[PDB]
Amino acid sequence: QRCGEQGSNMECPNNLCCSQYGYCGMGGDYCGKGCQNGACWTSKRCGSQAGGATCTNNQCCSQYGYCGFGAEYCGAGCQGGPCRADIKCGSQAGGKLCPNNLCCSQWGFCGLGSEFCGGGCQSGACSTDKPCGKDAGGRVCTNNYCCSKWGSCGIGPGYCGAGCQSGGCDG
């Protein structure tokens, strides 16, 4: 019902600003001082300039560790985000995982869509619901996903709670 800290780090639709009180809106009382995420007037930090932090709302982290959109952000020197340059991952990039749970295709590139998540998907939010756990021969999940008691990879109470076999299981 709320957003941000007050709501499990939820993000407002269409880049609306989540203010300090965990509500979605637009304007100084939402994008001014104390703005959490969304189109905050004060660009949040990220990348190397911010201990490896990433950009919320799927924004682009410029080479100067600033979040946003446009050539100045997703262009040359884009360190994380929907950068304009192809982003290699997995086998062809030293195990490297895709940002924000993007599927790493068989050809070794991050993204979302059947091409990236369908047959051959190596990691991320793969559409290929590859089994895990005991009945899968002890197979574990990528991205440190929790392996439900039923033997399916994912995230959530039914995955990380009771019966959880591997991955970042509920402590």
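Each form is matched to the other, and the largest set of C-alpha atoms that superpose within 1.5 Å is called the rigid core. Just count from 1 along the sequence shown to find any residue number.
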Discussion item. If the other structures are each fit on the rigid core, which stretch ends up farther away in C-alpha terms in 4 other deposited structures of this protein, 52-60 or 131-139?
Written reply: 131-139
Worksheet entry | Mean C-alpha B-factor comparison - 18-26 and 156-164, higher one | 18-26
Response to the item:
Per the PDB entry, mean CA B-factor is higher for 41-49 or 108-116, namely for 41-49
Practice prompt. Name the one of 56, 123, 63, 144 with the greatest CA B-factor according to the PDB entry.
Written response: 63
Worksheet entry | Chain-relative CA temperature factor third for residue 96 | highest
Fill in: residue 78 CA temperature factor, ranked by third within the chain
highest
Worksheet item: C-alpha B factor of residue 34, ranked within the chain: lowest, middle or highest third?
Response: highest
